[PDB]
């Protein structure tokens, strides 16, 4: 609803995002600056901000002759009539920023001779550097998936956000499902699944190493209620399961977690043994082929599965292997290309075409085996 202390949150400046948890009297950095989040409270999500003295102040939500050609515009280097030393003074003096802009404009001999568009562009370039405006928004799969692909793409195996969206849809992720996921994407996929399940149903997370990564998952700010249906089970004990051959003051706290974890793992293994899961989602740094061939056995017939891979070649093998094994139908190897656009009056065009580094997907439905 409205912002509050302890709330997990995402900061946005232009298209740049960074997630943080709000704490009274705590220092965090964002794009070359230092904040104290105390001042951002009681304000609605979508609120804007500016830095001042280490503290953020609530700013408003909102806030002509020109040439035709550049035929006589020359790059003398002597167009701005104030120095690289003068310039620091204005900041060292801690003036607003909007005035630093107005000053730079006024001291530009060429500005008036520039085209209206060239002018608009000159200003936008200056504002972006001197008028640092920070927005505070609510965490969501949209925002967190876009943040991660831009800020830490290696942590999520370069899974682009449009690709993540396809996985959620192709896997028919929804409330009530019993879902199996195997992710090394910092818990982003897990969290996205959890958002779309809304606390209804169950998720069984297979993890490598000593535990599941859920750094991203935490950024979502989920209720405790969503944890009751969340299970985890070590990936190294999967083979045993498909064969049935599966089994001073903190030392106690360590005994508590180890047994309460043992417990939660036994429950999880029971649920898996039922082999009646409503879907399978795989997105990891590991080779997918063996993961699928094993994990599908936990999935019920007429259920969707989706496998992500940063590379295509591994999914080609997995396609062929699933075709030998059988038990699947409507196999589809896919990729999505994403293009974003600048839409301005008389200045409309595409910016970037994201392709090849957004990843690949292999999807299909389970079916009953021949016997």
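Positions refer to the first chain, counted from 1.
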- Item | Gap size, residue 248 back to residue 247 (deposited sequence, no coordinates) | 10 or more
- Note on the structure: Gap between residue 63 and residue 64, counted in deposited residues with no coordinates, falls in the class 4 to 9
- Message: Test of understanding: from the entry's C-alpha B-factors, which stretch has the higher mean, 171-179 or 124-132?
- Response: 124-132
- Query: Do the C-alpha atoms of 230-238 or of 152-160 have the higher average B factor in the entry?
  - Reply: 230-238
- Task: Going by the CA temperature factor in the entry, name the top one among 24, 351, 347, 18.
- Result: 24
- Taking the values straight from the PDB record, which of 314, 304, 67, 55 has the highest C-alpha temperature factor? 55
- Message: Please say which third, lowest, middle or highest, residue 343 falls into when its CA temperature factor is compared across its chain.
- Response: lowest
- How does residue 265 rank on Cα B-factor within its chain, lowest, middle or highest third? middle
- Message: What third of the chain does residue 271 rank in for C-alpha temperature factor, lowest, middle or highest?
- Response: middle
- Message: Which third, lowest, middle or highest, does the C-alpha temperature factor of residue 320 belong to within its own chain?
- Response: middle
- Note on the structure: So, residue 203's CA B-factor, relative to its chain, sits in which third? The lowest
